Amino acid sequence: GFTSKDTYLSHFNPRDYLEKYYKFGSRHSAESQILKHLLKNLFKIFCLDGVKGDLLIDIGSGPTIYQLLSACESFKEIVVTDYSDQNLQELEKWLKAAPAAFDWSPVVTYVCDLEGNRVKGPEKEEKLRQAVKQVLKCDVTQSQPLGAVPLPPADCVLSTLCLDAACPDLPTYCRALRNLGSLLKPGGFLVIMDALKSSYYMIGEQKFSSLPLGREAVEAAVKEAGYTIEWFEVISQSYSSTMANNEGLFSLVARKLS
């Protein structure tokens, strides 16, 4: 069996998720080490590499913004999407600078440092808030992930830690890659970062399924789905034993063949 989609609407607590994985505490936890590596990869893709354009769609954003910090320097507009309405509400609390919003300042500061300290935290945060115009529902398992909502074909589709959680099997994972491709313009970029060989992840006592994929199956599915791989990186760093049973993480950049 595998976690049903509806479980994300009801049982995925966005504040608990942020507390458990993104607090970015002084302790050199496995979670903070992964967060740092993700940030470095995202900086390399968006600011160092030529990954830019008018529109980036972030798929399965959850309640997080860390994956958009470097992207807001390179894209006029960023659209954040998720299957969960609760997650999108928590994201909107940060976007609207509400009092109950999650404290992203340690991560924001870290991203500013990476980029050369050209700007400081508040200026960086304001650039992200200005870039995010739409907060949409999405279902990666559907041929139209965004439903009846129309969007121009995007220059880039980004998905961090979403596809392993949303796809119950390898054929569904390959179809989800094809479905994301429907949102991309020909030659547009696909950026995926996710756990390798992970069959579950936890949010406190709440268990969530994950599709356990190795690097070869991820690369094969991306090629089967109609992309060409630009680069593929595997990091050996895994989450704490209490959080997930992954054997590292991967990051890839691919281009949609027309």
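In case it trips you up, residue 1 is the first one in the sequence shown, and so on.
In all of the other compared structures of this protein with flanking residues present, residue 206 is modelled, so it falls below the one-third mark for missing coordinates. Per the compared records, residue 228 is resolved in all of the other entries whose models span it, so no third of them omit it. For the two regions 64 to 72 and 196 to 204, the entry's Cα B-factors average higher over 64 to 72.
With 154 to 162 and 114 to 122 compared on mean CA B-factor from the PDB entry, the stretch scoring higher is 114 to 122.
Note on 141, 81, 182, 130: the highest value goes to 130, judged by CA B factor as recorded. Among 215, 36, 27, 223, the highest C-alpha B-factor recorded in the PDB entry belongs to 27. In the PDB entry, residue 58 places in the middle third of its chain by CA B-factor. Annotation for residue 233: C-alpha temperature factor in the lowest third relative to the rest of the modelled chain, per the entry. Residue-level temperature factors show residue 49 in the highest third of its chain, judged at the C-alpha atom. Among all modelled residues in its chain, residue 149 ranks in the highest third by Cα B-factor.
Residue-level temperature factors show residue 176 in the lowest third of its chain, judged at the C-alpha atom.
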